[PDB]
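Chains as they are written, first to last, in the authors' numbering: chain D, 245 to 293; chain B, 294 to 342. Where is the CB? At the ideal position from N, CA and C, for every residue including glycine. All remarks here apply to the structure that follows.
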Amino acid sequence: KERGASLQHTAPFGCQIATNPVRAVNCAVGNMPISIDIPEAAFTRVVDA
Amino acid sequence: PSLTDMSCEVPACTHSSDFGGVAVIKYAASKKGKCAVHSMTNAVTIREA
């Protein structure tokens, strides 16, 4: 009766909270480094362009 | 054949030791025919004769 607001309503950074399993979704915090290995076949030469 | 109004540009150059450079030469030919090509320096070698 006295539970109060749940984390999906009170969490910072707009976090969505779900259970089964317990997880936080789409928290707008910080940044994410990405490294991509791009094959030579994916490139077009300047003389082809 | 005689050529005039000639100019050269280099879309790309890499000193890869395997013909990593490419050059494009614009020309105005007096008539259709074949022309020999030769480098005027020892620092640069041209693949096509």
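In the structure shown, D/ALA272 falls within a coil segment according to DSSP collapsed to helix, strand and coil. Among the residues facing chain D, B/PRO304 is included, as its CB has a counterpart in that chain under 8 Å away.
Under the Cβ criterion (8 Å, minimum of three pairs), the region 271-288 of chain D does not count as touching the region 302-312 of chain B. Taking 8 Å as the CB threshold, B/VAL337 stays off the interface with chain D. For the pair D/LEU251 and D/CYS259, the Cα-to-Cα distance works out to about 8 Å. When only Cα atoms are considered, B/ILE339 and B/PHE312 end up about 8 Å apart. With its beta carbon less than 8 Å from one in chain B, D/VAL290 belongs to the interface. The criterion of a C-beta distance shorter than 8 Å is satisfied by B/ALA322 and B/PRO294. For the region 305-337 of chain B, the residues whose beta carbon sits under 8 Å from a beta carbon of chain D are, in order, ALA305, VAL315, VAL317. For the region 313-342 of chain B, the full-length beta strand (DSSP E) segments reaching 3 residues or more read 314-322 along the chain.
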